[PDB]
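If you want the building blocks of each chain, they are given just below.
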Amino acid sequence: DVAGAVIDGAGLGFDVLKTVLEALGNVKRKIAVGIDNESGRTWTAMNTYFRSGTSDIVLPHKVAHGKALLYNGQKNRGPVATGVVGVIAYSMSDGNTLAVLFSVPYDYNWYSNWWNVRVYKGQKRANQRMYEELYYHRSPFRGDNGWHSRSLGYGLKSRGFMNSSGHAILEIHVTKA
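Residues numbered from 1 in each chain as written, not as in the entry; some residues may be left out. Heavy atoms only, no water.

- Method information in the entry identifies X-ray crystallography as the source of the structure, with 2.22 Å recorded as the resolution.

### Topic: the side chain of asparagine 116
Part 1 of the argument: By the element assignment, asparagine 116 lies in strand β8 (residues 114–120).
Part 2 of the argument: Among the polar contacts listed, one links the side chain of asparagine 116 to the side chain of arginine 150, at a separation of 2.5 Å.
Part 3 of the argument: Among residues more than four places away in sequence, those in contact with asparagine 116 are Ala99, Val100, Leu101, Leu134, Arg138, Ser139, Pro140, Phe141 and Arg150. (Helix = DSSP H or I, 4+ residues; strand = E, 2+ residues; numbered from the N terminus. Polar contact = N/O pair within 3.5 Å; in protein donor to acceptor, adjacent residues only side chain to side chain. Contact = heavy atoms within 4.5 Å.)

### Concerning helix α2 (residues 128–137)
Part 1 of the argument: If you check which residues of α2 are buried, you get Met130, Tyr131, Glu133 and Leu134. Projected onto a plane normal to the axis of α2, the buried residues spread over an arc of 165° and lie on a single side. Relative to its buried face, α2 has exposed residues pointing more than 90 degrees away, namely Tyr136 and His137.
Part 2 of the argument: In this structure, the buried side of α2 is in contact with β3 (43–52), β6 (84–92), β7 (97–104) and β8.
Part 3 of the argument: The N-cap of α2, judged by a side-chain oxygen 3.2 Å from the amide nitrogen of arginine 129 a few residues on, is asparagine 127.
Part 4 of the argument: Directly beyond the C-terminal end of α2, a positive phi value near 50° is found at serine 139. (Buried < 20%, exposed > 50% of the residue type's maximum accessible area, 1.4 Å probe, protein only. Arc of directions from axis to C-beta.)

### Considering helix α1 (residues 14–23)
Part 1 of the argument: Along α1, the residues classified as buried are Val16, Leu17, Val20 and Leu21. Down the axis of α1, the buried set is contained in an arc of 140°. They therefore lie on one face. Seen from the buried face of α1, the exposed residues on the opposite side, beyond 90 degrees, are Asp15, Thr19, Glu22 and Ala23.
Part 2 of the argument: Looking at the buried side of α1, the elements it contacts are β1 (6–8), β2 (30–37), β5 (67–74) and β12 (167–176).
Part 3 of the argument: One or two steps after α1, the chain reaches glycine 25, where phi turns positive at roughly 75°.

Right under this line is the structure:
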């Protein structure tokens, strides 16, 4: 229980991500993240940048082709009106970086769920700079209960889904172009 689980790629789906959410218990804002590695490359965890919110687990360290990683986060605990906003960075065996943005706001009167995926040339750690590119400059997807596809370059693509609520799930599949 130091890291999030690694499961058979084919196992990843809505019910797995709801089980992850349920284990966090009834906190106001929380996310279950599932990324299926069908990239044909091994991933090695770099880091998670939390702009807001926290996790009691670290990224699964090694995620082979054919494996999905499970991850989670939740709002900072106590009377702060914040959500859970951060960036996951994995190193790929080609020397590049797979980056995932998740954004779950406190106030749905004015803000909505957002996610993003991208491949960076070389070894790039998750930080505020990467958050700002993925959020403000690289056409994030809305957590609109819709599936979205994108060509990542570097011979990969993504297909993913995020729901629209404060109890958020983010399912992503990286496959071969």
